*Asks:* 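Have a look at the structure that comes next, please.
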Amino acid sequence: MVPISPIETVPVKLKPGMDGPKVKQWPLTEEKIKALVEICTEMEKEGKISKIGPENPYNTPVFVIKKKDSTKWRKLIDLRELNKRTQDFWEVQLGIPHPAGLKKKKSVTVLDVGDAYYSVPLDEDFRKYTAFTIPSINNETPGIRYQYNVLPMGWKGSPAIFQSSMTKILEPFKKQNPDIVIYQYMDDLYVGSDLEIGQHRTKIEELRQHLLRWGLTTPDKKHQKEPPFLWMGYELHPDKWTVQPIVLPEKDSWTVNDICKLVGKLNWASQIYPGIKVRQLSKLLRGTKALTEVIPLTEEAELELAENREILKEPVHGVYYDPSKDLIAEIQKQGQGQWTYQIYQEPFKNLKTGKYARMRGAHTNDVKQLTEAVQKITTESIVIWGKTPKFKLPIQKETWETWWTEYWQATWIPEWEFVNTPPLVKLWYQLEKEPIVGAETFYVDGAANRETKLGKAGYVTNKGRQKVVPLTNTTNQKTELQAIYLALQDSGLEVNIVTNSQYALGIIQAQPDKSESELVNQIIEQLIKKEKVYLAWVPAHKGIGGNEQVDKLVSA
Amino acid sequence: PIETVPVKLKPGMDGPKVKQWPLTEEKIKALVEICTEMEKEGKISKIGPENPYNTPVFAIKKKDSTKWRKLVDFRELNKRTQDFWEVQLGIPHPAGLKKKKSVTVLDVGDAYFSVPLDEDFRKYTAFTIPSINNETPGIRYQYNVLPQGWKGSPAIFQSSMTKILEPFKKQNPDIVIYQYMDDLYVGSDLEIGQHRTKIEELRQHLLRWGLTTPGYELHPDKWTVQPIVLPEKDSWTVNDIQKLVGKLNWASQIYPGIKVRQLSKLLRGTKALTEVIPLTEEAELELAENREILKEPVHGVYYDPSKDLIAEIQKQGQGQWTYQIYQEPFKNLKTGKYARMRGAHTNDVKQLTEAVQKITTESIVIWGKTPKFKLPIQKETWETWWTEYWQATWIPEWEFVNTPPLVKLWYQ
DNA sequence: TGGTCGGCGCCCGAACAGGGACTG
DNA sequence: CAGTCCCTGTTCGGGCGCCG
Ligand SMILES: Nc1ncnc2c1ncn2[C@H]1C[C@H](O)[C@@H](COP(=O)(O)OP(=O)(O)OP(=O)(O)O)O1
Ligand SMILES: OC[C@H]1O[C@@](CO)(O[C@H]2O[C@H](CO)[C@@H](O)[C@H](O)[C@H]2O)[C@@H](O)[C@@H]1O
Ligand SMILES: [Mg+2]
Ligand SMILES: [Mg+2]
């Protein structure tokens with residue numbers, strides 16, 4: 001037994017009928033070469049790595065990057081070709097812990113495992129496929145060939161195997177210490193108890209002994225006895241938390257890659273900083289070719305970016321979760337399909353914030369978008385806290401009742417109350433349920449020629465009013481909308497409209513207040529100005545009434 | 001030390017890989033307790049990430065139960081085992097079960113835990129349990145026995161089952177018994193009290209085999225259909241006739257004998273919608289003949305065992321829902337309406353959920369299949385809430401539709 | 001130098017599904 | 001009765017942010 005075995009390994013087959021990686025090493029600069037040789041030789045003394053005779057016919061590239069905020073270097077074996085041929089795993093990391101989830105604890109310890117990937121044995125049979133060739137200062141000296149005896153960084157099975165192995169080791173300690181909270185994320189462990197600080201450290205060291213038994217070492221250097229703790233990119237204080245400071249690039253001239261970094265930072269910021277808006281900054285990224293290309297900022301993306309920076313000026317913080325008190329989510333409409341929300345328990349003390357900006361559909365209204373935001377908040381809350389917050393919504397109780405009872409789709413919002421913070425969400429117009437007595441009846445139709453893209457839109461009415469309009473570069477659908485727009489333009493404040501267009505009737509019955517199509521927006525504009533609109537549908541080509549007559553006019 | 005029937009997936013088909021969805025704290029606590037006991041009893045055991053298959057899990061409370069029931073969404077696995085439980089070990093369907101005055105449903109799922117499961121197959125029953133706020137990574141398990149909600153469980157256990165049954169079948173040769181997944185449907189024509197009593201007898205028979213039985217009572221003869229109906233009006237406006245012609249024209253895709261000619265004649269002009277239009281005798285007779293045809297059945301509508309059932313649901317408002325079950329378009333095997341279900345006038349999703357359950361139950365009783373639902377809801381709205389209202393041990397297949405109603409043909 | 005892995009989030013655009021209406 | 005074209009909506013993989 002030349003190399004010792006420490007903890008339960010995980011069987012790892014190759015994908016069937018496939019063989020180990022072969023690919024030649026990188027032209028590594030000699031400066032990088034120095035760092036690897038010292039560490040790799042050290043591994044062999046521990047037993048992390050073993051030398052192999054050329055009987056091992058596998059070569060896979062290798063490279064190194066400096067550890068951020070450290071002088072140390074990180075040793076990464078590229079395994080893109082080995083991943084491709086290695087069996088698939090099921091990832092056990094189902095998400096990221098959020099500090100707003102955490103309950104208040106009297107004593108908190110954060111400890112980091114050292115060489116965590118290297119402390120977990122790789123599968124014995126699978127070890128052969130690791131093989132890589134070391135480099136020398138010159139090309140004369142060959143360099144030794146090495147096979148990992150433990151998990152190597154850059155494999156695709158490394159995270160899941162480590163997380164599953166780590167959980168198995170922790171589980172006996174957790175069962176003996178039911179009242180300790182251990183947040184396990186990769187090798188970072190967050191330990192919290194209501195034990196007094198002296199007793200808590202006893203458990204912390206006692207836990208350290210337990211991890212030592214399996215070869216997991218927690219250095220003092222990464223030990224965090226004293227607040228504020230640094231954990232998952234947050235700063236943790238006894239009663240509050242915040243994101244570690246975010247630096248926003250100052251560039252005077254913005255490329256495409258610039259805006260991406262900017263945007264992605266602002267999304268990270270919006271989890272605590274209320275009211276972050278990325279709409280206009282993202283408008284700059286639509287339909288662009290080169291990540292390197294330079295792009296100028298519109299006066300919209302500039303104003304946006306201005307108030308976004310000013311929100312960051314003042315420090316903000318979130319609080320922790322009190323299972324005894326209710327969860328409350330409040331939502332505000334920010335305009336142009338932008339919504340922000342705050343989740344809290346004590347008024348003005350936020351657990352976290354967030355935004356819902358997603359534009360869903362070619363035609364929509366605010367009530368649908370509010371419903372989408374409520375669902376996004378509900379699922380996010382269930383992940384973090386396992387329950388649905390009570391909702392405070394800027395929509396009248398009667399507005400919501402009118403929408404959901406009348407809509408043809410099942411729709412629902414969980415327990416909620418009205419908050420009178422403007423801008424309120426409302427339905428801009430309502431279609432009549434029954435035909436309007438004494439209102440002019442417009443029979444509308446339009447047709448268009450598939451080849452020429454030419455068409456007509458027109459109407460006929462019971463009073464004898466008539467119109468036909470020629471149109472160029474159109475479609476049958478567009479002319480059916482146009483006919484309705486014409487009837488709305490040319491009618492009084494109350495009007496009955498009869499169409500045979502299912503397309504148009506479907507758009508308009510869903511009461512949209514915004515549309516991608518300018519023509520629909522204009523139809524909306526008119527619907528809002530009317531006092532009463534009745535839309536009715538008849539089947540085309542059935543010899544019905546006005547519909548037959550207007551059909552002849554537009555067909556011509 | 002019982003023989004394990006070997007099982008295989010349909011050829012060319014890999015195992016299920018379906019992400020676990022977020023669970024409420026209440027559900028996770030129930031699952032952790034349920035799985036801890038099942039691990040102790042050897043029904044399930046923990047597994048590593050090397051297994052690449054996962055199936056979603058969650059917990060439900062059956063109607064009035066108050067006691068959590070573990071539930072696995074095996075739809076993906078069942079689709080990849082499909083040939084097995086149809087082409088080989090399946091169960092025949094008692095055409096007479098729908099005719100019985102009373103039918104009770106029992107959860108026999110526990111029995112499946114007795115039998116063990118093919119060692120090669122257990123890799124495919126893997127399920128991950130999530131943690132609140134991702135405190136822990138996912139705790140993965142797999143099944144060592146026959147899992148509840150898998151479609152192989154009632155087939156592998158059918159040999160064991162019928163033996164446990166046959167004594168009670170022989171004491172009551174008139175009682176029809178049907179098995180669909182975790183459920184036993186027990187249909188008698190007896191009076192209420194005698195029926196309930198015979199159910200206790202079949203309970204004890206399950207008890208002396210070591211099976212525990214924690215029931216749903218149906219009345220399939222009460223079940224009726226929802227005919228397409230035409231309004232009765234003292235006077236008809238132009239709009240009313242336009243609505244009627246549109247409904248009749250659509251209906252003619254189902255009943256080819258519908259005629260609109262004489263009713264169309266009433267709308268020859270370009271007329272105001274509210275103008276009252278007297279009916280002619282010819283239209284009155286055409287309308288009369290039409291109402292009669294709609295009372296009749298569609299010609300050549302018969303169930304086909306090979307073809308899938310499809311269920312369509314429409315939200316009619318005011319707590320009313322309409323549904324059609326069919327296999328071919330416009331050849332409807334049943335059409336119905338539901339009213340005043342749980343959640344009426346406050347929760348559409350709870351009501352749609354209840355509707356899906358009731359419709360699936362009828363399909364199980366009538367045809368021994370579950371339909372694929374065309375659900376009038378937005379995918380994200382359904383997925384967010386449906387598990388909250390689910391009280392059944394099976395889960396049908398569904399898809400999401402967005403079609404607004406140009407004609408209220410089914411309700412009126 | 002340029003280069004690895006898993007997770008989650010956002011916003012994008014392209015590729016694909018499918019339902020009506022109309023063309024022969 | 002196919003086969004298109006519109007039009008819509010979904011999915012999926014790309015980039016970035018963040019965590020090991
Ligand atoms: N950039 C990366 N690429 C691949 N794997 C990584 C990367 N960063 C971190 N990991 C993995 C491998 C590590 O073993 C594990 C923990 O990260 P980390 O704590 O920073 O290093 P480490 O635990 O090995 O050394 P140390 O304990 O001294 O900080 O997560
Ligand atoms: O509701 C859509 C959701 O279905 C998933 C998640 O459970 O798939 C399950 O439900 C489908 C529709 O009935 C089945 O076809 C599928 O086999 C089953 O696993 C999702 O991946 C999908 O988004
Ligand atoms: Mg570490
Ligand atoms: Mg037309």
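Basis for what follows: all heavy atoms, side chains included, without hydrogens, waters or symmetry-related copies. Within every chain, numbering begins at 1; the chains are lettered A, B, ... in the order of the sequence lines, protein sequences first and strands thereafter.
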*Asks:* Take the protein atom CG of B/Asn402 and the nucleotide atom P of D/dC7, then report the distance between them rounded to whole Å.
*Replies:* 18 Å
*Asks:* By nearest atom, which of the nucleotides C/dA21, C/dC11, C/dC5 is closest to the A/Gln502 side chain?
*Replies:* C/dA21
*Asks:* Determine which pairs satisfy side-chain hydrogen bond (donor to acceptor under 3.5 Å, both in side chains) with at least one residue from residues 78-92 of chain A, sequence neighbours left out, and list them in order.
*Replies:* A/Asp78-A/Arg80, A/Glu81-A/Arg85, A/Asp88-A/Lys156
*Asks:* For A/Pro61, answer base if it contacts any base atom (sugar-phosphate contacts may also be present), sugar-phosphate if it contacts only those atoms, and nothing otherwise; contact means non-hydrogen atoms under 4.0 Å.
*Replies:* nothing
*Asks:* Rounded to the nearest Å, what distance is computed from the CD1 atom of residue A/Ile384 to the P atom of nucleotide C/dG9?
*Replies:* 11 Å
*Asks:* How bent is the helix from C/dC5-D/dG20 to C/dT23-D/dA2, measuring the angle between the end axes built from five pairs each, rounded to 10°?
*Replies:* 20°
*Asks:* Is C/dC22 on the north side or the south side, where north means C1'-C2'-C3'-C4' is positive?
*Replies:* south
*Asks:* Between A/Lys542 and A/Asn500, is there a side-chain donor-acceptor contact under 3.5 Å, judged purely by atom types and distance?
*Replies:* no
*Asks:* Considering only atom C1', compute the distance from D/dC19 to C/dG2 and round it to an integer number of Å.
*Replies:* 25 Å
*Asks:* Do the side chains of A/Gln224 and A/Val108 get nearer than 4.5 Å, heavy atoms only?
*Replies:* no
*Asks:* Less than 6.0 Å separating the ring centroids of A/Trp231 and A/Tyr190?
*Replies:* yes
*Asks:* Please list residues of residues 356-363 of chain A whose heavy atoms come under 4.0 Å from any atom in DNA chain D, ordered by number; otherwise none.
*Replies:* A/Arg360, A/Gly361, A/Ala362, A/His363
*Asks:* Please determine if a side-chain N or O atom of A/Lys68 lies less than 4.0 Å away from the OP1 or OP2 oxygen of D/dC19.
*Replies:* no
*Asks:* Using the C1'-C2'-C3'-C4' dihedral sign as the criterion, classify the sugar of C/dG18 as north or south.
*Replies:* south
*Asks:* How close or far is atom P of C/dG7 from atom CG of A/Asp88, stated in whole angstroms?
*Replies:* 11 Å
*Asks:* What's the closest nucleotide to the A/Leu76 side chain, out of C/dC11, C/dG6, C/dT4?
*Replies:* C/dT4
*Asks:* Atom pairs under 3.5 Å, N or O on each side, protein against nucleotides 13-18 of chain D: can you list them with distances?
*Replies:*
{"residue": "D/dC18", "atom": "OP1", "partner": "A/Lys265", "partner atom": "NZ", "Å": "3.3"}

*Asks:* Would you call A/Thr364 and A/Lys514 a side-chain contact if the rule is heavy atoms closer than 4.5 Å?
*Replies:* yes
*Asks:* Need one value for A/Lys75: base, sugar-phosphate or nothing, where a base atom within 4.0 Å counts as base even if backbone is also close, heavy atoms only.
*Replies:* nothing
*Asks:* Considering only NZ, NE, NH1 and NH2 on the basic side and carboxylate oxygens on the acidic side, decide whether A/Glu250 and A/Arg309 come within less than 4.0 Å.
*Replies:* yes
*Asks:* Any side-chain N or O of A/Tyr503 below 4.0 angstrom from OP1/OP2 of D/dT8?
*Replies:* yes
*Asks:* Side chain of A/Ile507, heavy atoms from C-beta onward: which of D/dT8, C/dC8, C/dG6 has the nearest atom to it?
*Replies:* D/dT8
*Asks:* May I have the distance from A/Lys32 (atom NZ) to C/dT4 (atom P), rounded to whole angstrom?
*Replies:* 15 Å
*Asks:* Tell me which of A/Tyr234 and A/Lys478 sits closer to the 5' end of DNA chain D, going by the nucleotide each one is nearest to.
*Replies:* A/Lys478
*Asks:* Measure centre to centre between the rings of A/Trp385 and A/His98, then say whether the value is under 6.0 Å.
*Replies:* no
*Asks:* Using the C1'-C2'-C3'-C4' torsion, which pucker class fits D/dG14: north or south?
*Replies:* north
*Asks:* If a positive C1'-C2'-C3'-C4' torsion means north (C3'-endo side) and a negative one means south (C2'-endo side), where does C/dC16 fall?
*Replies:* south
*Asks:* Where does the sugar of D/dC7 land, north (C3'-endo side) or south (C2'-endo side), based on the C1'-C2'-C3'-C4' torsion?
*Replies:* south
*Asks:* Any base atoms under 4.0 Å from A/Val64, or only sugar-phosphate, or nothing? Heavy atoms, all strands.
*Replies:* base
*Asks:* Could you identify which residues of residues 271-287 of chain A place a heavy atom less than 4.0 Å from some atom of DNA chain C, listed by residue number, or say none?
*Replies:* A/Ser282, A/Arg286, A/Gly287
*Asks:* Nearest to the side chain of A/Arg450, which nucleotide is it out of C/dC22, C/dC10, C/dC8?
*Replies:* C/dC22
*Asks:* Assign each of A/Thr288 and B/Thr403 to its nearest nucleotide of DNA chain C by heavy atoms, then name whichever residue's nucleotide is nearer the 5' end.
*Replies:* A/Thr288
*Asks:* Is the phosphate of D/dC7 approached by A/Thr475 (side-chain N or O, under 4.0 Å from OP1 or OP2)?
*Replies:* yes
*Asks:* Hey, is the side chain of A/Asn476 poking within less than 4.0 Å of OP1 or OP2 on C/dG20, counting only N and O atoms?
*Replies:* no
*Asks:* Picking from C/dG20, D/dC19, D/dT8, which would you name as closest to the side chain of A/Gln477?
*Replies:* C/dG20
*Asks:* Out of D/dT8, C/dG7, C/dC22, which nucleotide sits closest to the side chain of A/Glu91?
*Replies:* C/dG7
*Asks:* My understanding is that only residues two or more places apart in sequence, or in another chain, count here; which of them pass side-chain contact (heavy atoms from CB on, under 4.5 Å) with B/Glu383?
*Replies:* B/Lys379
*Asks:* In whole angstrom, what separates A/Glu81's CD from C/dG3's P?
*Replies:* 19 Å
*Asks:* Kindly say whether the aromatic ring centers of A/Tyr148 and A/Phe132 come within a distance under 6.0 Å.
*Replies:* yes
*Asks:* Separation of B/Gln20 atom CD from C/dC8 atom P, in whole Å?
*Replies:* 13 Å
*Asks:* Just checking A/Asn83: base, sugar-phosphate only, or nothing, at a heavy-atom cut-off of under 4.0 Å?
*Replies:* sugar-phosphate
*Asks:* Counting the atoms with a prime plus P, OP1 and OP2 as sugar-phosphate, which does A/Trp155 contact under 4.0 Å by heavy atoms, base, sugar-phosphate, or nothing?
*Replies:* sugar-phosphate
*Asks:* Consider the side chain of A/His541, meaning its heavy atoms from C-beta on, and name the nucleotide among C/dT1, C/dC22, D/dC19 that approaches it most closely.
*Replies:* C/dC22
*Asks:* Flag the pair A/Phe63 / A/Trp26 as yes when their ring centroid distance falls below 6.0 Å, and as no otherwise.
*Replies:* no
*Asks:* Provide the closest heavy-atom pair for A/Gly101 versus B/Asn133 in the form atom of the first, atom of the second, distance.
*Replies:* CA-ND2, 3.3 Å
*Asks:* Between the side chains of A/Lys48 and A/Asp115, is the shortest nitrogen-to-carboxylate-oxygen separation below 4.0 Å, so that they form an ion pair?
*Replies:* yes
*Asks:* Any side-chain donor paired with an acceptor under 3.5 Å for A/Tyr356 and A/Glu372?
*Replies:* yes
*Asks:* Output yes when A/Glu380 and A/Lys376 qualify as a salt bridge under the 4.0 Å nitrogen-oxygen rule, no when they do not.
*Replies:* yes
*Asks:* Rounded to the Å, how far apart are A/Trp73 CH2 and C/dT1 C1'?
*Replies:* 11 Å
*Asks:* Would one find a side-chain N or O of B/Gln378 under 4.0 angstrom from OP1 or OP2 of D/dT10?
*Replies:* yes
*Asks:* Are A/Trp268 and A/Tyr273, when compared by the centres of their aromatic rings, separated by less than 6.0 Å?
*Replies:* no
*Asks:* Just how far, in rounded Å, is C1' of C/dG6 from CZ of A/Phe89?
*Replies:* 12 Å
*Asks:* In terms of side-chain geometry, is the basic nitrogen of B/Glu399 or B/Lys374 positioned less than 4.0 Å from the acidic oxygen of its partner?
*Replies:* yes
*Asks:* If you only use heavy atoms from C-beta on, which nucleotide in C/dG2, D/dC5, C/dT4 is closest to the side chain of A/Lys453?
*Replies:* D/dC5
*Asks:* Taking the six-membered ring for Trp, are A/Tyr58 and A/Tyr129 parallel (under 30°), tilted (30 to 60°) or perpendicular (over 60°)?
*Replies:* tilted
